[PDB]
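# Below you'll find the sequence and an experimental structure to go with it.
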Amino acid sequence: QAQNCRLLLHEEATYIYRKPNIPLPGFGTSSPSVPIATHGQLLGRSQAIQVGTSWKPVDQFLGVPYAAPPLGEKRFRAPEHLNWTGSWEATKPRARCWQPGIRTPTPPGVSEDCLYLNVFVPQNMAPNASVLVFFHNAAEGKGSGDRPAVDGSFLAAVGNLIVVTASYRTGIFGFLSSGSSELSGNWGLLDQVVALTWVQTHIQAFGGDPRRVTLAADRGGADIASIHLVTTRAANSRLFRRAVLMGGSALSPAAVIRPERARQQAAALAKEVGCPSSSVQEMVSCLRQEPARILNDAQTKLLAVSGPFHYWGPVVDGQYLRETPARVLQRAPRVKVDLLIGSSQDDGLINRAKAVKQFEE
Amino acid sequence: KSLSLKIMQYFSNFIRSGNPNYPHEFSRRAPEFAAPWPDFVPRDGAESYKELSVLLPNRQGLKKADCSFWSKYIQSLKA
Amino acid sequence: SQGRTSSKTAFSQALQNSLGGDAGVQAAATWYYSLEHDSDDXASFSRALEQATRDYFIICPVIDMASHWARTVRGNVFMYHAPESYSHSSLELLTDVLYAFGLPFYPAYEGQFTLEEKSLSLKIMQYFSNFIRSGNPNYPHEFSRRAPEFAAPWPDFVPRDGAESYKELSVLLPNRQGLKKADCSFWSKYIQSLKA
Amino acid sequence: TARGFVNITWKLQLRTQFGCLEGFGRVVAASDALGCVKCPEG
Amino acid sequence: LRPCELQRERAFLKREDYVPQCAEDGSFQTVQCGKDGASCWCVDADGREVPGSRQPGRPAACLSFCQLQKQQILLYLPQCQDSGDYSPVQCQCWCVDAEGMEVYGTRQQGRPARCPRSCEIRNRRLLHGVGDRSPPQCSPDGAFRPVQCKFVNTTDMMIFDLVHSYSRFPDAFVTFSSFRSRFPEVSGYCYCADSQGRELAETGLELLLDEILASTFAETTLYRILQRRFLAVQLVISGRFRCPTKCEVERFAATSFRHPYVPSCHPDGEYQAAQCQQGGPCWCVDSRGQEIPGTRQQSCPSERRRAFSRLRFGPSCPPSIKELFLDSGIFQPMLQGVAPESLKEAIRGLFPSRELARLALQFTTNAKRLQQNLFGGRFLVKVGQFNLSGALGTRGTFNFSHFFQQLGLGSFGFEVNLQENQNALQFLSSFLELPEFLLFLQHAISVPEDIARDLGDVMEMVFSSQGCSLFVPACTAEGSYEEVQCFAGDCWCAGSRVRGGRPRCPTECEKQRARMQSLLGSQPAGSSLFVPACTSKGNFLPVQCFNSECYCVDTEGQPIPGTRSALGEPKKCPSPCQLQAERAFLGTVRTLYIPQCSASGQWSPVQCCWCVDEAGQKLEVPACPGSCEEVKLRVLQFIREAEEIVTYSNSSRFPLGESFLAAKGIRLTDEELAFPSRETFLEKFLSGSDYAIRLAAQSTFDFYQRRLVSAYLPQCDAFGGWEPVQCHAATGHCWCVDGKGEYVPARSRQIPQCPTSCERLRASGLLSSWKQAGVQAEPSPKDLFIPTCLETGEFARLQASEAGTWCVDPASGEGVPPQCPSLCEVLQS
Amino acid sequence: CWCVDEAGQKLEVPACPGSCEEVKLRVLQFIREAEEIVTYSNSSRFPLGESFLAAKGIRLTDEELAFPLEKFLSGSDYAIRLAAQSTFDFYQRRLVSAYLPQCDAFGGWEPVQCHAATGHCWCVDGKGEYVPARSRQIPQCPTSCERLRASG
Amino acid sequence: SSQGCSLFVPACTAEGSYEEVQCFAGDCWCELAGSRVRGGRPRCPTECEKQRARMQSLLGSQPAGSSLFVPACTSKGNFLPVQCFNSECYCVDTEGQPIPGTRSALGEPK
Ligand SMILES: *[C@@H]1O[C@H](CO)[C@@H](O[C@@H]2O[C@H](CO)[C@@H](O)[C@H](O)[C@H]2NC(C)=O)[C@H](O)[C@H]1NC(C)=O
Ligand SMILES: *[C@@H]1O[C@H](CO)[C@@H](O)[C@H](O)[C@H]1NC(C)=O
Ligand SMILES: *[C@@H]1O[C@H](CO)[C@@H](O)[C@H](O)[C@H]1NC(C)=O
Ligand SMILES: *[C@@H]1O[C@H](CO)[C@@H](O)[C@H](O)[C@H]1NC(C)=O
Ligand SMILES: *[C@@H]1O[C@H](CO)[C@@H](O)[C@H](O)[C@H]1NC(C)=O
Ligand SMILES: *[C@@H]1O[C@H](CO)[C@@H](O)[C@H](O)[C@H]1NC(C)=O
Ligand SMILES: *[C@@H]1O[C@H](CO)[C@@H](O)[C@H](O)[C@H]1NC(C)=O
């Protein structure tokens, strides 16, 4: 019907005075040119959302980069600060990552430059609001170029919080490891720990609070997300206070793939596309030329669970992730991270590969 | 639309306070929008969760029979 | 009477004698029935072990034989299950042999059995006499298929998973289906496969 | 009062005629409804 | 001491025939009594007896001290509170202690907003310099903390001053290590304190401080550790993790002084609901001990009333505590591993205030480590085995020597169940190092203070909801929640809700059967214990066997002396009628109705006179009806009831809607509607039953048939026996019945002729040799006979068998006391 | 013509009630129904068995009784309330109440609703939905817009 | 005919015609399963709810990972205004029949 807010007071009082909220520099208008340090203005847009019968204006900065577009030779290597400047037109959702089983020809709005995080900040609210870094790769169908796949304006409004909806590269592009010293890594886990430092640094510019981030993640991509609860950062700069894992955990069987499996799980790909899988330096340097379309028609072929069932996931590499998540969780707690974990009965390893089967047909 | 609006408050109380029942971490006023979400304790007597159905009812023992097979029996068989 | 009683050795010995006498079958049964042999309480370990031994020895073989008698047709089959009755200890006879033989009506046991028990025993004596006479508990004469009036018809046991009926020797004498699907599925399929 | 209790009146702040707290002053309402406004500065 | 105890102690030593009873606070009880409760005269604070009171017994709530001092002035007036005690602030508008003499510095023009309690005065009165320089530990509300603790200088035995040492050296008290390095020769000394703060007797327990910022020392962790150890040591001594309560100090004193009024209490500590002075009247009492204004000699009606209000509104369990504590396993493991009492108070001794538990649960983060922090080590476990006695305990005032002289190597009238206390103290130890406990504190802290004042009261209200629409409960006299509640067809007594008929309460037999069945689940397989068997109605079965030894039992399942024969041998034991006879004999001579039973044991037909059925149940010299005549009187009474309904409606005496309410079991009461036979009519419908539906249908049919312009009564013979052929009397489907109305297997021609009671019986005995007994007492196979029926159908006069012949009455095959009696001749007697 | 609510369902120029007045016509109709019962009983053309039998859903049809209740046949709590009001009245008013909401002049819910007798004066939103006691100072609660403004 | 199947009297509509909602002793069911409502009255399953249940039951046959149309019904029982199958949503009339035109793709206001 209508949303009815009212203050909580420790005890009755005669006169009650509340100071109005002063918008941060940039907000207030309908083109909130947020100035984020060392880059310049990041001008988004505003949209009014209806929940009951009542509307809340919500600013929306869709397509805020957090890393240089992993195109070309920056493909199977960790991300790095985009170093942009001037004025970013963060008003339109950007291309979503390549995922297994993308219908051919490549539809609009899928590309390797998919390291963009949408921010949905209500108009004016408490000084230090909380944040929710939801790591979500939009599906093939969701999104119409005007609106993002998962809007998040409606959770932001009915919670009075900021909702960052970061995307990240998954599949071979994110995780094409070889367990070795030259190409091992989880680039998609290194570039979703870069969307959390961005939220750490430049979220004060919006209404947010760096000390109250809440790393969330959905089906399947919550096995990747939950690897942050077991990776050891510097331990002086925590990147989140809580964790809402919807449909996965660090302890699942495929939360990390063994090196000897990873080493051969990419030799299959390299052979499949046509690269010489002799040495990694010569192999990876060949995949770096293959167009994404040809290189993502390969992983969907290897990834179908009736033949190979090659799943790509966070390898252990010593540098970022050093011990298997089961063995890391044996050690004693060091920081108290809340957890709202869960699952759905509609889930299932065959439901997540729905796009792959339709491709196999 | 009404169930979703009770779960956008469980997930917004958690993002704010760390306990879906309470929207502020310095005020333990009980929730009124929906039934309390009980903390998950691993004791077999009662390990409650929240069935995200229309009534949002708490239940217990999500899959005792099936996740004792994988966790207890099969994990033994792995050795 | 000889003095020696349960001990720490017995707990892991009894389970081994009862269910083994193999190493994998014991693990499967220990998980399935949660036989915590380490737990040193006969009150619960034994209470959960009698169930395993009953399933293995007493109640699944009397379903395996009923199914094998009906399938490779050797003649009619009528299965019954007599639910747990907490009343009559001190008679070394369980509730299907002290109902099929008219124990309630004995002069010695006058006043120990309720009239409900005596009536149920009379119905069950009629079932067993009909079986002994005609070969089909419903019909007392093998040349007259008049339907029984004393109690509900006893359905023939057909081994199809859709419905394999039996008679629950309780006060109402109701037909039921699927005596122990889960536990006898365990013993008959998984354990038997694991034998190889 | 020692027993748990000439003109004796047991008036209970919230036979049995309603009244009000002194200083408020009842209203034309005789005996029923709302009554006994708070007496203003006058 | 006080003005009393000096008088009280003197009387006991001298043996004068009166001891001036005085409660805690060392103040004379308003109502004293004589040496043997002969004449209780009420007095005032000084000790003088009121001239107008010497009556035998107990004076009717004599006037309190405040008024007894007030009325003295009339021949400033103290303002006596409603309870009869001085108001906290007299009125110059000063305020006063709880004795009458004003607190020192409180003379004011207007009423003080709030002036000190009994402790804050002592502390301030200590700075001014009257008393030993150790401030009593004050509860936050201002009262004395139950467990006082004053350090002692081990050299020369002078109390160690603390208004000075703490004032100048506050850092020394940060921890026990620091304290020892500053005052090595100090050995703490904790004791219980009464309401006035005075040291209790032989309860001091001189701790040892060797091996173990805030202000006032009543908040420093030294004290809270130094009293958690004291309470732990008390759990062993007394069995409860707390000091003796206000009731127990008085009860111990009463038992010790053997005076007439010994107060009664239960281990909760609160005053028992009703204290019964021996040698006089009893009376209910509140928590403070004040007699209820009159009671000299449970919550349904309120609930009933509230439900009615919800009906009056017309068209248009604690809150959120069951599904956070009980649902999830934050509570269920708490009780399991003794009593709610030892678990209630094990969280007031620990965590005295909610603002502390919050501190405790954020500086521990380790369930196992919690018991180390709270007690400064593994104390309580070391207390169970008395490892303390040498480690911490020491010469104080408790005489561990005497305590152990009764043991192997009570405090305030507490019987010491040493094994249970060792079990209970151990219980706390494992309970405290329990991961679920930390969650409980996180929730118990959250619950609003209004519904639970402190963590102790938080725990009761969650114990009280362990299990926990438009329904109104019924009520019997004096509240007394009625046994069987009906609503919308449902009727439940409370694990059995059955539709339609009014259910039967579980008899004692059924309760015992269920309890023993539940206790059977614990027993190891192959072992058995006694599970008494109950009949259909609910009575104990005549014979109860356990193992090869069967003993016939009386009405309430108690073995009868003798008749303890072994299993498997006929045991002839008292018939139910004789058991009822003896039971009623005992019941009716124990209060200073007799059922008389036929010699054979069966219920005699006439009981008193009146007549009853063979089960002995009451049936409305009066000759009694036969097998069918009674079944006919039932139908006649039913038609009478239907006509009564119709002629009640024809009198317009009953509201149209009430009959509906009965169907829903909301028959409202005439206690709350004293305006009015109204009840009598509603009894028929209230228990929604097939009989009620049939009666309503018959009444409606009659009303709508005979207002403007049937029931099958059975046909019977001349002697009240069922006619063989029963016809419905209209479009009859003439079925035929046996000798007791039980139908034995259509508008057909030639209405069937069916055999009389003996032609059926003779045909049975001829076809299948199911013969009939002749003597009924273990007949030989020769005593059996097949009845011989004369032509028309009745039993032949004389029935024969291979063993002999006897005369039977043609009505039924039942012998008669003896040529051969004939029908008219047998009917003559 | 006639008028319906915004769901299109029939609502018994025919200008017709607002948010509350319709909720008040229900209560007025209810008391009318309750009084209809008491006067039928006073006229005594119905037997008690009829009311009970209807309570069990076994009403009798005039087709099989040609000689010559919809309230009671549906065993709903509304029927329970109606019968309770009927019987309470009969006895009370033979030998010798319902909360109807207070409304404004335009048919809109009055902000503060009072039970009118030992009232626990709660207050409602602009559609009668209660928004969070025999207390003094029967509370003043915001009108429809003072609630929207305070939220906004 | 024996397939499927105390003091209860059924109601009757004109010319026999077994009446829809039979009530007795506080129960009321419209027999067909999933209708016993203790107190009050039940609602006869609308056309939508019948098609929902049939399609839900037919769903159990479909292999996991594949789906088909299961029309969704409002609280009362009417078809929802819009029925989607796979990225193609059509607004439906009262009895769940697509309206000509108005067959836009999923994820765009209609
Ligand atoms: C009995 O109590 C004694 C003394 O309190 C305990 O001896 C101490 O043991 C603890 C750890 O158990 C050590 O940290 C101390 O150093 C010991 N102190 C002394 C003086 O011995 C003893 O452990 C307790 N238990 C038994 C079985 O004696
Ligand atoms: C960003 O610019 C700085 C110079 O200000 C340079 O040192 C740094 O390497 C640049 N990053 C990239 C990705 O070029
Ligand atoms: C809260 O808000 C201000 C800016 O409005 C920020 O500078 C401050 O650091 C925040 N609070 C804390 C504890 O940091
Ligand atoms: C305890 O007694 C001795 C006696 O000489 C005294 O000197 C000492 O000061 C007292 N203790 C302290 C800590 O002062
Ligand atoms: C302890 O108890 C005995 C019991 O008679 C008593 O004689 C003894 O004096 C007591 N000892 C102390 C120190 O009080
Ligand atoms: C009811 O009363 C009227 C007179 O008041 C009488 O004429 C009629 O016969 C009566 N009917 C019955 C069934 O008693
Ligand atoms: C209706 O009830 C009134 C009040 O008791 C009574 O006076 C009157 O007689 C009744 N109606 C008739 C026709 O009796």
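Yep, that arrived. Numbers count the residues shown, from 1 in each chain, chains lettered A, B, ... in the order given. Ligands and ions are numbered 1, 2, ... in the order given.

# only C-alpha atoms for contact and neighbour calcs from this point on.
Fine.

# For chain G, which residue gets nearest to ligand 5?
Nearest residue of chain G to ligand 5 (CA to the nearest ligand atom) works out as residue G:38 at 71.2 Å.

# Pick out the residue closest to the middle of the chain.
No chain in the question, so chain A it is. The C-alpha lying nearest the average C-alpha coordinate of chain A belongs to residue A:135 (CA atoms, centre = their mean; 2.8 Å).

# that answer is for a different chain, and I need it for chain G
For chain G, the residue whose C-alpha lies nearest the mean C-alpha position (CA atoms, centre = their mean) is residue G:49; its distance is 1.2 Å.

# List phi and psi for it.
Comment: the main-chain dihedrals of residue G:49 come out as phi -60, psi -30, following degrees, to the nearest 10.

# same question, the one 5 residues further on
According to degrees, to the nearest 10, the main-chain angles of residue G:54 amount to phi -60, psi -40.

# burial count for it?
Neighbour count of residue G:54, defined by other CA atoms under 10 Å in any protein chain shown: 12.

# Then residue E:524?
Around residue E:524 there are 17 other residues, counting by other CA under 10 Å.

# show me where the stretch 451-600 of chain E has strands.
With strands called from DSSP state E, counting those that start in this stretch, the stretch 451-600 of chain E shows them at E:485-487, E:490-492, E:543-545, E:550-552.

# Now for the residue nearest to the centre of chain G: which residues touch it?
Under the criterion of CA atoms under 8 Å, 6 or more residues apart in numbering or on different chains, the contact partners of residue G:49 comprise G:72, G:73, G:77.

# Let's see that with 6 Å instead.
Shown here is residue G:49, which makes no contacts under the criterion CA atoms under 6 Å, 6 or more residues apart in numbering or on different chains.

# Nearest to ligand 4: which residue in the stretch 201-350 of chain E?
Distances from the stretch 201-350 of chain E to ligand 4, computed as CA to the nearest ligand atom, single out residue E:209 as the nearest residue at 13.4 Å.

# tell me the phi and psi of residue B:75?
Its backbone dihedrals place residue B:75 at phi -50, psi -40, with angles given as degrees, to the nearest 10.

# Skip the chain neighbours and tell me the closest residue to residue 40.
Going with chain A. Nearest residue to residue A:40 in three dimensions, chain neighbours excluded: residue A:86, at 4.9 Å (CA to CA, 6 or more residues apart in numbering or on different chains).

# that answer is for a different chain, and I need it for chain G
The shortest distance from residue G:40 to any non-neighbouring residue, by CA to CA, 6+ apart, is to residue F:76 (4.2 Å).

# again, but for residue A:256
In space, residue A:256 comes closest to residue A:314 once its chain neighbours are excluded; the distance is 4.9 Å by CA to CA, 6+ apart.

# Check which helix or strand the one you found maps to.
In this structure, residue A:314 sits in neither a helix nor a strand according to DSSP states H and E.

# List the beta-bridge partners for the residue of chain G closest to ligand 5.
Using DSSP bridges, the beta-bridge partners of residue G:38 come out as residue G:27.

# From chain B, how far off is it?
19 Å (CA to the nearest CA, to the nearest Å).

# which residues in chain G form strands?
Using DSSP state E, the strands found in chain G span residues G:22-24, G:27-29, G:37-38, G:82-84, G:89-91.

# closest to residue A:156 out of these?
Checking these against residue A:156 by CA to CA gives strand G:82-84 as the closest, at 26.8 Å.
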